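Numbers given in the UniProt record's numbering equal positions in the sequence shown, counted from 1, plus 1.
Just so it is clear, CB atoms sit at the ideal spot from N, CA and C, and this is done for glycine as well.
This report concerns only the one structure given below.
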Amino acid sequence: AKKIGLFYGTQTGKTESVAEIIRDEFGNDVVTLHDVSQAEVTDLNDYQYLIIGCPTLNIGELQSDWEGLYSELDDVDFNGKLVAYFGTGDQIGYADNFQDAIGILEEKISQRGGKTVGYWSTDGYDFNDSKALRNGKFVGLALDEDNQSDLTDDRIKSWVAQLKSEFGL
Ligand SMILES: Cc1cc2nc3c(=O)[nH]c(=O)nc-3n(C[C@H](O)[C@H](O)[C@H](O)COP(=O)(O)O)c2cc1C
Numbered sequence: 002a003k004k005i006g007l008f009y010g011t012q013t014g015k016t017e018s019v020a021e022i023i024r025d026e027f028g029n030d031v032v033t034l035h036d037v038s039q040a041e042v043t044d045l046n047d048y049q050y051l052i053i054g055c056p057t058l059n060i061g062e063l064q065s066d067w068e069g070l071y072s073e074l075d076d077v078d079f080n081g082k083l084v085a086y087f088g089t090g091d092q093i094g095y096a097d098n099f100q101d102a103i104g105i106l107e108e109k110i111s112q113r114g115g116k117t118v119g120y121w122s123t124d125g126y127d128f129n130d131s132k133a134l135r136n137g138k139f140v141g142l143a144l145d146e147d148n149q150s151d152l153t154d155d156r157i158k159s160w161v162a163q164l165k166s167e168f169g170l
């Protein structure tokens, strides 16, 4: 399999659009996209580097497909793997639950052995609370296509450059 496995869930396609851009930034040959509606938890075993994408929905909840796989994460050993996270959200409409989903996923995957890389600054965002906070930084890249779609491309560019360094790729 390719070097990096990017597993994402999506309802209206924004998380998928972001996933495609992330793939392009790394290079089409480095990343393989996996929509978790079609994935099995065991597919995560095929990669030494993982990128987890998920929108926060219905006020602080995981996207449905990730919700389903979450329950089976206990069946996977992430030890030895480096994992990064990106989330889509709306900081204005859900200021108290901005990017909660990636925080929820990282908490579980880290417990299962996955080492987190890709922490992201909170500068440039206006929100009140988030389960994705770790020492003042988001556990991963935060995109907001509802209010800051004009910032997404450059944010991904910067984040991918960071991940190449942290992944050692
Ligand atoms: C009913 C509903 C609830 C939402 N709840 C949250 C939330 O709690 N936190 C957040 O950051 N974004 C929230 N959002 C915003 C979505 O995460 C955002 O629009 C995202 O880009 C959608 O991605 P998708 O197109 O991949 O589904 C919500 C959107 C809808 C329509």
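Please report the straight-line C-alpha distance between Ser38 and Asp66, rounded to a whole angstrom. By one-based count along the sequence shown, residue 38 stands at place 37. By one-based count along the sequence shown, residue 66 stands at place 65. Taking the straight line joining both Cα atoms gives about 5 Å.
Identify which residue in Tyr48, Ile23 and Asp97 has its Cα closest to the Cα of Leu58. In the sequence shown, counting from the first residue as 1, residue 58 sits at position 57. Nearest of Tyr48, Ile23 and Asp97 to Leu58, Cα basis: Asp97.
Who pairs with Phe139 in a beta bridge, going by DSSP? The residue labelled residue 139 in the question sits at position 138 within the sequence shown. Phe139 is bridged to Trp121 and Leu134.
Taking a contact to mean a Cβ-Cβ separation below 8 Å, would you say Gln100 touches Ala133 in this structure? Position 99 of the sequence shown, counting from 1, holds the residue named residue 100. Position 132 of the sequence shown, counting from 1, holds the residue named residue 133. Yes, the Cβ-Cβ distance between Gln100 and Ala133 is below 8 Å.
Can you tell me whether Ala143 is buried or exposed? The criterion is at least 16 other CB atoms within 10 Å of its CB, across all chains shown. As a first step, residue 143 is located in the sequence shown; it is residue number 142 there, counting from the start. It is buried - the Cβ of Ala143 has at least 16 other Cβ atoms within 10 Å.
Quick check on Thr43: does DSSP put it in helix, strand or coil? As a working note, residue 43 is residue 42 in the sequence shown. Helix at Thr43.
State yes or no: is the C-beta of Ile157 within less than 8 Å of the C-beta of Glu26? The residue given as residue 157 occupies position 156 in the sequence shown. The residue given as residue 26 occupies position 25 in the sequence shown. Contact flag set, yes.
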